[PDB]
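Working notes, structure below.
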Protein chains: 2
Amino acid sequence: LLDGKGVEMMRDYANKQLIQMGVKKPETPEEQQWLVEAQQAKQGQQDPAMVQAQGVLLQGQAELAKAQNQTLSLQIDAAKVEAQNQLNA
Amino acid sequence: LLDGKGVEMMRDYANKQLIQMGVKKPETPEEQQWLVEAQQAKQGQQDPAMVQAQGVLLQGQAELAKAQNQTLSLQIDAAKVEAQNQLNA
């Protein structure tokens, strides 16, 4: 679009929008850190469902670890049991 | 828009909305701290789904920590068990 004053603002907004989604190739360094901030915002995005799923996952993994520790502790208590029985016998 | 009295208020509202939305570049210090307040409000938003997801995820991480502590305590109790068995034998 041609340049007045408001349409200049609209064209600048369209400039920033096109640069920020990677569709445009930045030339001027202003566009360069515009893309830099867009990439930073992209890298700092996360959804609640993913976080809840990850929480459930490491809960389950910890309960797996607890089961394995139960195996180990039961085996060691068994070893103590046979040792005590041999000492008594 | 040209200026009367009410349309002056409407144009001032449009000024504030455009500045606070990052589309316009502030010139006057009034617009400067308008943008400052807009940025402060931007830094102070958080959604309930994010906070709930963080709560579940962090519960899971700490229960992972609890599982690891269970590993450590069971191993140490095992060491005590072998020490006691050696002392008895």
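Letters for chains follow the order of the structure tokens (A, B, ...), residue numbers begin at 1 for each chain, and ligand numbers begin at 1 in the order shown.
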Matching every Cα in sequence order between the two identical chains, what are the coordinates of chain A once fitted onto chain B? Write them as an mmCIF file with N, CA, C and O atoms, in the first residue's frame.
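Writing the result to superposed.cif gives the following:
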```
data_model
loop_
_atom_site.group_PDB
_atom_site.id
_atom_site.type_symbol
_atom_site.label_atom_id
_atom_site.label_comp_id
_atom_site.auth_asym_id
_atom_site.auth_seq_id
_atom_site.Cartn_x
_atom_site.Cartn_y
_atom_site.Cartn_z
ATOM 1 N N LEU A 1 -10.194 11.219 13.098
ATOM 2 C CA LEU A 1 -11.431 11.979 13.140
ATOM 3 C C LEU A 1 -11.177 13.404 13.613
ATOM 4 O O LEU A 1 -10.217 13.681 14.338
ATOM 5 N N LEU A 2 -12.055 14.311 13.191
ATOM 6 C CA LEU A 2 -12.006 15.691 13.645
ATOM 7 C C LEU A 2 -12.300 15.760 15.142
ATOM 8 O O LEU A 2 -12.575 14.752 15.797
ATOM 9 N N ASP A 3 -12.235 16.967 15.694
ATOM 10 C CA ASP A 3 -12.334 17.158 17.137
ATOM 11 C C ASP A 3 -13.591 17.938 17.490
ATOM 12 O O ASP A 3 -13.761 19.088 17.071
ATOM 13 N N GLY A 4 -14.462 17.303 18.263
ATOM 14 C CA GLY A 4 -15.488 17.984 19.016
ATOM 15 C C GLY A 4 -15.160 17.822 20.483
ATOM 16 O O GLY A 4 -14.069 18.199 20.920
ATOM 17 N N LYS A 5 -16.078 17.244 21.251
ATOM 18 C CA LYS A 5 -15.803 16.887 22.637
ATOM 19 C C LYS A 5 -15.890 15.389 22.874
ATOM 20 O O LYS A 5 -14.947 14.796 23.412
ATOM 21 N N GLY A 6 -17.003 14.757 22.498
ATOM 22 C CA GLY A 6 -17.099 13.313 22.627
ATOM 23 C C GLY A 6 -16.167 12.570 21.688
ATOM 24 O O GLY A 6 -15.501 11.607 22.089
ATOM 25 N N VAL A 7 -16.109 12.997 20.424
ATOM 26 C CA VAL A 7 -15.233 12.330 19.467
ATOM 27 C C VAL A 7 -13.777 12.514 19.864
ATOM 28 O O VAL A 7 -12.927 11.684 19.530
ATOM 29 N N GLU A 8 -13.467 13.580 20.607
ATOM 30 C CA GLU A 8 -12.139 13.701 21.197
ATOM 31 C C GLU A 8 -11.875 12.566 22.178
ATOM 32 O O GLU A 8 -10.789 11.976 22.182
ATOM 33 N N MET A 9 -12.866 12.242 23.013
ATOM 34 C CA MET A 9 -12.707 11.136 23.950
ATOM 35 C C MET A 9 -12.545 9.817 23.209
ATOM 36 O O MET A 9 -11.719 8.977 23.588
ATOM 37 N N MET A 10 -13.325 9.619 22.145
ATOM 38 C CA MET A 10 -13.216 8.380 21.379
ATOM 39 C C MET A 10 -11.854 8.267 20.705
ATOM 40 O O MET A 10 -11.264 7.181 20.653
ATOM 41 N N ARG A 11 -11.336 9.381 20.183
ATOM 42 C CA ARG A 11 -10.019 9.364 19.559
ATOM 43 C C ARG A 11 -8.925 9.099 20.585
ATOM 44 O O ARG A 11 -7.958 8.393 20.292
ATOM 45 N N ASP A 12 -9.053 9.662 21.789
ATOM 46 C CA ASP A 12 -8.087 9.362 22.844
ATOM 47 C C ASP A 12 -8.131 7.887 23.226
ATOM 48 O O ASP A 12 -7.086 7.264 23.464
ATOM 49 N N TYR A 13 -9.334 7.316 23.304
ATOM 50 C CA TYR A 13 -9.461 5.890 23.589
ATOM 51 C C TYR A 13 -8.801 5.050 22.504
ATOM 52 O O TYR A 13 -8.094 4.079 22.802
ATOM 53 N N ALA A 14 -9.019 5.410 21.237
ATOM 54 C CA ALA A 14 -8.373 4.693 20.142
ATOM 55 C C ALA A 14 -6.859 4.854 20.201
ATOM 56 O O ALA A 14 -6.115 3.914 19.900
ATOM 57 N N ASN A 15 -6.388 6.043 20.585
ATOM 58 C CA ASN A 15 -4.963 6.285 20.779
ATOM 59 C C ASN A 15 -4.383 5.298 21.780
ATOM 60 O O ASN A 15 -3.394 4.607 21.506
ATOM 61 N N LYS A 16 -5.006 5.231 22.957
ATOM 62 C CA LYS A 16 -4.513 4.354 24.012
ATOM 63 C C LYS A 16 -4.567 2.897 23.580
ATOM 64 O O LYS A 16 -3.637 2.127 23.845
ATOM 65 N N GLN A 17 -5.646 2.502 22.901
ATOM 66 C CA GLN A 17 -5.773 1.120 22.458
ATOM 67 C C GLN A 17 -4.675 0.757 21.468
ATOM 68 O O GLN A 17 -4.034 -0.288 21.596
ATOM 69 N N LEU A 18 -4.432 1.621 20.477
ATOM 70 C CA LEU A 18 -3.403 1.330 19.483
ATOM 71 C C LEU A 18 -2.015 1.297 20.108
ATOM 72 O O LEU A 18 -1.189 0.453 19.746
ATOM 73 N N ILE A 19 -1.735 2.209 21.043
ATOM 74 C CA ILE A 19 -0.425 2.211 21.689
ATOM 75 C C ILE A 19 -0.237 0.959 22.539
ATOM 76 O O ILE A 19 0.856 0.383 22.585
ATOM 77 N N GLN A 20 -1.296 0.510 23.214
ATOM 78 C CA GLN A 20 -1.144 -0.541 24.215
ATOM 79 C C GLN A 20 -0.849 -1.911 23.618
ATOM 80 O O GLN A 20 -0.309 -2.768 24.325
ATOM 81 N N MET A 21 -1.177 -2.153 22.348
ATOM 82 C CA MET A 21 -0.864 -3.431 21.722
ATOM 83 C C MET A 21 0.447 -3.400 20.949
ATOM 84 O O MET A 21 0.760 -4.361 20.240
ATOM 85 N N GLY A 22 1.215 -2.319 21.060
ATOM 86 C CA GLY A 22 2.501 -2.246 20.399
ATOM 87 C C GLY A 22 2.444 -1.960 18.920
ATOM 88 O O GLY A 22 3.492 -1.930 18.267
ATOM 89 N N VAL A 23 1.251 -1.752 18.367
ATOM 90 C CA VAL A 23 1.127 -1.445 16.947
ATOM 91 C C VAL A 23 1.664 -0.053 16.652
ATOM 92 O O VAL A 23 2.347 0.163 15.646
ATOM 93 N N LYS A 24 1.372 0.906 17.524
ATOM 94 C CA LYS A 24 1.906 2.249 17.400
ATOM 95 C C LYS A 24 3.242 2.379 18.123
ATOM 96 O O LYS A 24 3.548 1.645 19.066
ATOM 97 N N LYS A 25 4.040 3.341 17.665
ATOM 98 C CA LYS A 25 5.274 3.704 18.340
ATOM 99 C C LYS A 25 5.029 4.952 19.168
ATOM 100 O O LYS A 25 4.755 6.017 18.593
ATOM 101 N N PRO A 26 5.093 4.873 20.495
ATOM 102 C CA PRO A 26 4.816 6.058 21.315
ATOM 103 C C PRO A 26 5.808 7.177 21.035
ATOM 104 O O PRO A 26 7.004 6.945 20.851
ATOM 105 N N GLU A 27 5.293 8.405 21.010
ATOM 106 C CA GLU A 27 6.107 9.601 20.839
ATOM 107 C C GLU A 27 6.079 10.468 22.090
ATOM 108 O O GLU A 27 7.129 10.802 22.646
ATOM 109 N N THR A 28 4.890 10.837 22.543
ATOM 110 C CA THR A 28 4.655 11.617 23.747
ATOM 111 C C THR A 28 4.790 10.724 24.983
ATOM 112 O O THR A 28 4.352 9.571 24.962
ATOM 113 N N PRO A 29 5.407 11.222 26.060
ATOM 114 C CA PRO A 29 5.634 10.366 27.242
ATOM 115 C C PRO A 29 4.365 9.787 27.848
ATOM 116 O O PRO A 29 4.425 8.717 28.475
ATOM 117 N N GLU A 30 3.224 10.466 27.706
ATOM 118 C CA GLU A 30 1.956 9.862 28.108
ATOM 119 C C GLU A 30 1.768 8.504 27.445
ATOM 120 O O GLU A 30 1.496 7.501 28.118
ATOM 121 N N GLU A 31 1.969 8.442 26.128
ATOM 122 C CA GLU A 31 1.955 7.157 25.444
ATOM 123 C C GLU A 31 3.063 6.242 25.952
ATOM 124 O O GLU A 31 2.909 5.014 25.937
ATOM 125 N N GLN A 32 4.177 6.813 26.421
ATOM 126 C CA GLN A 32 5.284 5.985 26.889
ATOM 127 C C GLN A 32 4.891 5.173 28.118
ATOM 128 O O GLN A 32 5.030 3.943 28.129
ATOM 129 N N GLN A 33 4.365 5.822 29.164
ATOM 130 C CA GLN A 33 3.946 4.946 30.256
ATOM 131 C C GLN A 33 2.595 4.288 30.007
ATOM 132 O O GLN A 33 2.266 3.337 30.717
ATOM 133 N N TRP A 34 1.834 4.701 28.989
ATOM 134 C CA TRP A 34 0.723 3.855 28.554
ATOM 135 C C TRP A 34 1.235 2.492 28.100
ATOM 136 O O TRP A 34 0.727 1.444 28.523
ATOM 137 N N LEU A 35 2.266 2.493 27.253
ATOM 138 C CA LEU A 35 2.892 1.244 26.830
ATOM 139 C C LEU A 35 3.535 0.529 28.012
ATOM 140 O O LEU A 35 3.536 -0.706 28.066
ATOM 141 N N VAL A 36 4.089 1.283 28.963
ATOM 142 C CA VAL A 36 4.698 0.670 30.142
ATOM 143 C C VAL A 36 3.656 -0.108 30.943
ATOM 144 O O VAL A 36 3.886 -1.255 31.347
ATOM 145 N N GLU A 37 2.493 0.505 31.183
ATOM 146 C CA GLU A 37 1.422 -0.188 31.894
ATOM 147 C C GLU A 37 0.896 -1.371 31.092
ATOM 148 O O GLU A 37 0.545 -2.407 31.668
ATOM 149 N N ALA A 38 0.819 -1.235 29.766
ATOM 150 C CA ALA A 38 0.396 -2.366 28.946
ATOM 151 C C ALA A 38 1.359 -3.540 29.091
ATOM 152 O O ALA A 38 0.932 -4.693 29.227
ATOM 153 N N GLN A 39 2.664 -3.260 29.076
ATOM 154 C CA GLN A 39 3.657 -4.316 29.251
ATOM 155 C C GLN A 39 3.576 -4.928 30.644
ATOM 156 O O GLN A 39 3.728 -6.145 30.801
ATOM 157 N N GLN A 40 3.350 -4.100 31.668
ATOM 158 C CA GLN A 40 3.200 -4.629 33.021
ATOM 159 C C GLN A 40 1.991 -5.550 33.122
ATOM 160 O O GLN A 40 2.058 -6.608 33.759
ATOM 161 N N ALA A 41 0.873 -5.162 32.506
ATOM 162 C CA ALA A 41 -0.308 -6.019 32.507
ATOM 163 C C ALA A 41 -0.045 -7.314 31.750
ATOM 164 O O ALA A 41 -0.510 -8.386 32.157
ATOM 165 N N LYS A 42 0.691 -7.233 30.638
ATOM 166 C CA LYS A 42 1.028 -8.436 29.885
ATOM 167 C C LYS A 42 1.891 -9.384 30.712
ATOM 168 O O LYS A 42 1.674 -10.601 30.702
ATOM 169 N N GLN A 43 2.872 -8.842 31.438
ATOM 170 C CA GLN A 43 3.764 -9.681 32.232
ATOM 171 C C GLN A 43 3.069 -10.293 33.441
ATOM 172 O O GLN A 43 3.572 -11.275 33.995
ATOM 173 N N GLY A 44 1.933 -9.742 33.859
ATOM 174 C CA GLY A 44 1.225 -10.258 35.014
ATOM 175 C C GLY A 44 -0.020 -11.042 34.656
ATOM 176 O O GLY A 44 -1.035 -10.961 35.353
ATOM 177 N N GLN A 45 0.044 -11.806 33.568
ATOM 178 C CA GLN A 45 -1.078 -12.605 33.099
ATOM 179 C C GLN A 45 -0.734 -14.084 33.195
ATOM 180 O O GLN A 45 0.371 -14.501 32.832
ATOM 181 N N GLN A 46 -1.687 -14.873 33.685
ATOM 182 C CA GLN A 46 -1.502 -16.309 33.829
ATOM 183 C C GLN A 46 -2.866 -16.984 33.787
ATOM 184 O O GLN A 46 -3.859 -16.434 34.269
ATOM 185 N N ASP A 47 -2.901 -18.179 33.200
ATOM 186 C CA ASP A 47 -4.149 -18.893 32.994
ATOM 187 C C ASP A 47 -4.275 -20.056 33.973
ATOM 188 O O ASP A 47 -3.272 -20.671 34.349
ATOM 189 N N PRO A 48 -5.498 -20.372 34.410
ATOM 190 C CA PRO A 48 -5.667 -21.440 35.411
ATOM 191 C C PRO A 48 -5.197 -22.808 34.948
ATOM 192 O O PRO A 48 -4.686 -23.590 35.761
ATOM 193 N N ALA A 49 -5.366 -23.126 33.663
ATOM 194 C CA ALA A 49 -4.964 -24.440 33.174
ATOM 195 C C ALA A 49 -3.458 -24.637 33.296
ATOM 196 O O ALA A 49 -2.994 -25.717 33.683
ATOM 197 N N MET A 50 -2.681 -23.598 32.981
ATOM 198 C CA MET A 50 -1.233 -23.673 33.146
ATOM 199 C C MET A 50 -0.856 -23.916 34.600
ATOM 200 O O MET A 50 0.040 -24.717 34.893
ATOM 201 N N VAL A 51 -1.526 -23.229 35.526
ATOM 202 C CA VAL A 51 -1.205 -23.375 36.941
ATOM 203 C C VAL A 51 -1.545 -24.778 37.430
ATOM 204 O O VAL A 51 -0.775 -25.390 38.178
ATOM 205 N N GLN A 52 -2.700 -25.312 37.016
ATOM 206 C CA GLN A 52 -3.055 -26.679 37.394
ATOM 207 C C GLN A 52 -2.060 -27.685 36.829
ATOM 208 O O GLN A 52 -1.663 -28.635 37.517
ATOM 209 N N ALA A 53 -1.654 -27.497 35.571
ATOM 210 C CA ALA A 53 -0.679 -28.397 34.968
ATOM 211 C C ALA A 53 0.652 -28.340 35.705
ATOM 212 O O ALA A 53 1.272 -29.378 35.963
ATOM 213 N N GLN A 54 1.102 -27.136 36.064
ATOM 214 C CA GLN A 54 2.343 -27.001 36.819
ATOM 215 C C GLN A 54 2.229 -27.663 38.186
ATOM 216 O O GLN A 54 3.190 -28.275 38.671
ATOM 217 N N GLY A 55 1.068 -27.531 38.832
ATOM 218 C CA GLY A 55 0.862 -28.199 40.105
ATOM 219 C C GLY A 55 0.964 -29.706 39.989
ATOM 220 O O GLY A 55 1.627 -30.360 40.799
ATOM 221 N N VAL A 56 0.321 -30.274 38.967
ATOM 222 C CA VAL A 56 0.443 -31.708 38.718
ATOM 223 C C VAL A 56 1.899 -32.079 38.464
ATOM 224 O O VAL A 56 2.380 -33.125 38.920
ATOM 225 N N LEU A 57 2.628 -31.220 37.749
ATOM 226 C CA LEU A 57 4.017 -31.521 37.406
ATOM 227 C C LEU A 57 4.902 -31.584 38.638
ATOM 228 O O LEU A 57 5.683 -32.526 38.802
ATOM 229 N N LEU A 58 4.823 -30.578 39.507
ATOM 230 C CA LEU A 58 5.677 -30.641 40.686
ATOM 231 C C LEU A 58 5.181 -31.667 41.698
ATOM 232 O O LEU A 58 5.998 -32.204 42.452
ATOM 233 N N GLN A 59 3.888 -32.011 41.690
ATOM 234 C CA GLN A 59 3.442 -33.183 42.440
ATOM 235 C C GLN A 59 4.153 -34.441 41.955
ATOM 236 O O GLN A 59 4.684 -35.226 42.755
ATOM 237 N N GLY A 60 4.182 -34.642 40.637
ATOM 238 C CA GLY A 60 4.861 -35.802 40.089
ATOM 239 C C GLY A 60 6.351 -35.796 40.367
ATOM 240 O O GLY A 60 6.944 -36.839 40.647
ATOM 241 N N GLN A 61 6.982 -34.626 40.265
ATOM 242 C CA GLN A 61 8.412 -34.528 40.541
ATOM 243 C C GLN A 61 8.710 -34.844 42.001
ATOM 244 O O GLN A 61 9.712 -35.501 42.310
ATOM 245 N N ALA A 62 7.850 -34.392 42.914
ATOM 246 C CA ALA A 62 8.020 -34.743 44.317
ATOM 247 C C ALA A 62 7.847 -36.236 44.537
ATOM 248 O O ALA A 62 8.535 -36.829 45.372
ATOM 249 N N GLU A 63 6.917 -36.861 43.818
ATOM 250 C CA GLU A 63 6.753 -38.301 43.980
ATOM 251 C C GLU A 63 7.925 -39.072 43.370
ATOM 252 O O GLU A 63 8.303 -40.130 43.885
ATOM 253 N N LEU A 64 8.538 -38.538 42.308
ATOM 254 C CA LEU A 64 9.817 -39.060 41.825
ATOM 255 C C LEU A 64 10.892 -38.965 42.900
ATOM 256 O O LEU A 64 11.656 -39.915 43.125
ATOM 257 N N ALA A 65 10.979 -37.809 43.556
ATOM 258 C CA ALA A 65 11.947 -37.643 44.633
ATOM 259 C C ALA A 65 11.679 -38.635 45.755
ATOM 260 O O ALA A 65 12.613 -39.208 46.322
ATOM 261 N N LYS A 66 10.404 -38.851 46.083
ATOM 262 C CA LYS A 66 10.043 -39.817 47.113
ATOM 263 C C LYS A 66 10.461 -41.227 46.716
ATOM 264 O O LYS A 66 10.937 -41.999 47.554
ATOM 265 N N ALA A 67 10.284 -41.582 45.442
ATOM 266 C CA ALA A 67 10.741 -42.885 44.970
ATOM 267 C C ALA A 67 12.252 -43.026 45.112
ATOM 268 O O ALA A 67 12.749 -44.070 45.553
ATOM 269 N N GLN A 68 13.001 -41.983 44.743
ATOM 270 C CA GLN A 68 14.457 -42.037 44.873
ATOM 271 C C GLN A 68 14.881 -42.163 46.334
ATOM 272 O O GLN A 68 15.807 -42.919 46.660
ATOM 273 N N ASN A 69 14.220 -41.421 47.226
ATOM 274 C CA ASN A 69 14.500 -41.560 48.650
ATOM 275 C C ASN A 69 14.155 -42.952 49.146
ATOM 276 O O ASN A 69 14.821 -43.470 50.044
ATOM 277 N N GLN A 70 13.107 -43.562 48.593
ATOM 278 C CA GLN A 70 12.790 -44.938 48.946
ATOM 279 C C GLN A 70 13.916 -45.875 48.527
ATOM 280 O O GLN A 70 14.311 -46.758 49.294
ATOM 281 N N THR A 71 14.461 -45.678 47.321
ATOM 282 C CA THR A 71 15.632 -46.452 46.902
ATOM 283 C C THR A 71 16.766 -46.308 47.908
ATOM 284 O O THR A 71 17.342 -47.301 48.373
ATOM 285 N N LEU A 72 17.099 -45.060 48.245
ATOM 286 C CA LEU A 72 18.234 -44.801 49.128
ATOM 287 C C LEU A 72 18.013 -45.398 50.513
ATOM 288 O O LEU A 72 18.913 -46.034 51.078
ATOM 289 N N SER A 73 16.817 -45.209 51.075
ATOM 290 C CA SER A 73 16.522 -45.725 52.407
ATOM 291 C C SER A 73 16.524 -47.245 52.424
ATOM 292 O O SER A 73 16.993 -47.855 53.388
ATOM 293 N N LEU A 74 15.989 -47.877 51.377
ATOM 294 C CA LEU A 74 16.002 -49.334 51.322
ATOM 295 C C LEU A 74 17.425 -49.864 51.219
ATOM 296 O O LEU A 74 17.770 -50.854 51.871
ATOM 297 N N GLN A 75 18.273 -49.207 50.423
ATOM 298 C CA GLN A 75 19.670 -49.628 50.339
ATOM 299 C C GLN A 75 20.383 -49.466 51.678
ATOM 300 O O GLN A 75 21.168 -50.334 52.084
ATOM 301 N N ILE A 76 20.123 -48.364 52.383
ATOM 302 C CA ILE A 76 20.790 -48.132 53.661
ATOM 303 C C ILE A 76 20.298 -49.116 54.718
ATOM 304 O O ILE A 76 21.086 -49.634 55.522
ATOM 305 N N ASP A 77 18.992 -49.387 54.741
ATOM 306 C CA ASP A 77 18.465 -50.411 55.635
ATOM 307 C C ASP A 77 19.030 -51.781 55.293
ATOM 308 O O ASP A 77 19.271 -52.590 56.192
ATOM 309 N N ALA A 78 19.261 -52.052 54.008
ATOM 310 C CA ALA A 78 19.921 -53.292 53.618
ATOM 311 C C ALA A 78 21.334 -53.362 54.179
ATOM 312 O O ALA A 78 21.759 -54.411 54.676
ATOM 313 N N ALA A 79 22.077 -52.256 54.090
ATOM 314 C CA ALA A 79 23.427 -52.225 54.646
ATOM 315 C C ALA A 79 23.401 -52.483 56.147
ATOM 316 O O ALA A 79 24.222 -53.249 56.671
ATOM 317 N N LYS A 80 22.454 -51.858 56.849
ATOM 318 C CA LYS A 80 22.264 -52.146 58.268
ATOM 319 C C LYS A 80 21.949 -53.619 58.490
ATOM 320 O O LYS A 80 22.403 -54.219 59.469
ATOM 321 N N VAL A 81 21.167 -54.213 57.588
ATOM 322 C CA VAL A 81 20.786 -55.615 57.726
ATOM 323 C C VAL A 81 22.007 -56.521 57.624
ATOM 324 O O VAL A 81 22.198 -57.417 58.455
ATOM 325 N N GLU A 82 22.850 -56.314 56.605
ATOM 326 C CA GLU A 82 24.037 -57.164 56.503
ATOM 327 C C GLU A 82 25.001 -56.903 57.654
ATOM 328 O O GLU A 82 25.659 -57.831 58.134
ATOM 329 N N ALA A 83 25.101 -55.652 58.116
ATOM 330 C CA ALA A 83 25.951 -55.377 59.272
ATOM 331 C C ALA A 83 25.466 -56.132 60.504
ATOM 332 O O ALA A 83 26.265 -56.751 61.221
ATOM 333 N N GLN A 84 24.155 -56.109 60.755
ATOM 334 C CA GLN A 84 23.599 -56.820 61.901
ATOM 335 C C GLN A 84 23.785 -58.325 61.759
ATOM 336 O O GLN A 84 24.081 -59.016 62.740
ATOM 337 N N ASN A 85 23.601 -58.853 60.547
ATOM 338 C CA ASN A 85 23.785 -60.285 60.329
ATOM 339 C C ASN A 85 25.235 -60.697 60.556
ATOM 340 O O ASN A 85 25.502 -61.749 61.150
ATOM 341 N N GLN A 86 26.184 -59.884 60.087
ATOM 342 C CA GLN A 86 27.594 -60.173 60.325
ATOM 343 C C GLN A 86 27.920 -60.122 61.811
ATOM 344 O O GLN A 86 28.681 -60.956 62.317
ATOM 345 N N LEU A 87 27.362 -59.142 62.528
ATOM 346 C CA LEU A 87 27.588 -59.067 63.969
ATOM 347 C C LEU A 87 27.019 -60.288 64.683
ATOM 348 O O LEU A 87 27.658 -60.843 65.586
ATOM 349 N N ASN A 88 25.816 -60.717 64.297
ATOM 350 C CA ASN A 88 25.210 -61.891 64.920
ATOM 351 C C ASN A 88 25.976 -63.162 64.575
ATOM 352 O O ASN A 88 26.176 -64.025 65.438
ATOM 353 N N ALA A 89 26.410 -63.296 63.326
ATOM 354 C CA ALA A 89 27.139 -64.483 62.894
ATOM 355 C C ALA A 89 28.587 -64.439 63.370
ATOM 356 O O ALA A 89 29.102 -65.417 63.913
#
```
Please return, as a ChimeraX atom specification, all residues of chain B that DSSP assigns to alpha helix (DSSP H) on the basis of the backbone. /B:6-20,29-43,48-88
